[PDB]
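We begin with a single chain expressed as structure tokens, specifically the form deposited in one PDB entry.
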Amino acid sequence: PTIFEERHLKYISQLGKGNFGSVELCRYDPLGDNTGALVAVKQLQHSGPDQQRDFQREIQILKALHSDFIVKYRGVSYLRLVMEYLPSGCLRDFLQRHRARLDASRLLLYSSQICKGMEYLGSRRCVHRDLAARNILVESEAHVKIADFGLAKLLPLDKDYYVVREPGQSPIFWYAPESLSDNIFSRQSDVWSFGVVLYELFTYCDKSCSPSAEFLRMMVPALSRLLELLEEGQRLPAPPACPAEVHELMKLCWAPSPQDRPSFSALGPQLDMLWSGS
């Protein structure tokens, strides 16, 4: 169905928290015999008008999204958002656990898939606003999908950037400088963040060389310091054993001015080529 009755959705466990919402593992069990399919169900835990309306927009964004590389909308219940459940979890944990199996080629396959999904999102005029390996899900050994559209905004036809009034609440190390300074978000700031996702992929989300840990190594409010470092042209170093051509792609995504960063549609072919030569 595209409309699920709540009485048929049976709670199993919590999948995650964040942005005043929660994602739960539920079984859709209209027969009530534990034979129904599993689904991920997002609900708000706050009745305030601003976040209800936000959550409604999130449901409409995802509903209108159709891509092998984007978590699938399944329907709603009335208040709750019903999505496909991916038991393999987020790519961040997947990379940490299967490190020894996943070679460079594989990482480049994941990279190309995220890029393809972001190119599509771009065409819908959708800014994701929170790209990070924690928000990428694993469909299979050779298939990933972008998720968490809790902060995603649709760009008006007349603008190509979005300005957020309140400060961001995500780890600061995935933010573009223009986001840090002016809360400007666009498809090009998504490109910046995708640079960090590339870094996460090629460090297999290892905690010791995380964006977090590397900043503390490079060393006043942390946010200002981060802006300073990036202003000087300090960047994250090549992940250990990273192919040079991949690191250069990262640095391109980390171009100080948004209009100097490659598009996802330009990034895509490069990744596919690197993957075919690995």
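In this text, residue numbers run from 1 along the sequence as written. The term rigid core refers to the most C-alpha atoms you can superpose between the two forms while keeping them within 1.5 Å.
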| property | result |
| --- | --- |
| Between 31-39 and 221-229, the one whose CA atoms sit farther away in 4 other deposited structures of this protein (rigid core aligned) | 31-39 |
| Higher-deviation stretch (C-alpha RMS, rigid core fit) in 4 other deposited structures of this protein, choosing from 155-163 and 198-206 | 155-163 |
| Test item: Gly168 lacks coordinates in at least a third of other entries | yes |
| Continuity check for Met219 and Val220, given as deposited residues lacking coordinates between them | 4 to 9 |
| Deposited-sequence gap flanked by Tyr78 and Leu79 | 4 to 9 |
| 44-52 versus 22-30 - greater average Cα B-factor per the deposited record | 44-52 |
| Stretch exceeding the other in mean C-alpha B-factor - 65-73, 227-235 | 227-235 |
| Per the PDB entry, maximal CA B factor within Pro87, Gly117, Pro167, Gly150 | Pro167 |
| Top Cα B factor in the deposited entry, candidates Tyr110, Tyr161, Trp174, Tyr204 | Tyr161 |
| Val39 CA temperature factor, ranked by third within the chain | lowest |
| Chain third (lowest, middle, highest) by recorded CA B-factor, residue given as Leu131 | lowest |
| Entry-reported Cα temperature factor of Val82, expressed as the chain third it lands in | lowest |
| Chain-relative CA temperature factor third for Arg125 | lowest |
| Within-chain third of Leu157 by Cα B-factor, per the entry | highest |
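Same protein, other form: the form deposited with a small molecule bound, not shown, and the subject of what follows.
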| property | result |
| --- | --- |
| Contact at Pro211, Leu230 and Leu236 by the small molecule in the bound PDB entry, all three, heavy atom at most 4.5 Å | yes |
| In the bound PDB entry, the one of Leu249, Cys242, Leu226, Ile59 near the small molecule [non-hydrogen atom within 4.5 angstroms] | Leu226 |
| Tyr110, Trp192, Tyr120, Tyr204 - the one with a heavy atom within 4.5 Å of the small molecule in the bound PDB entry | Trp192 |
| Interface membership of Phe264, the small molecule in the bound PDB entry, 4.5 Å heavy atom rule | no |
| is_contact(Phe173, the small molecule) in the bound PDB entry, heavy atom dist at most 4.5 Å | yes |
| 4.5 angstroms heavy atom contact with the small molecule in the bound PDB entry for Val196 | yes |
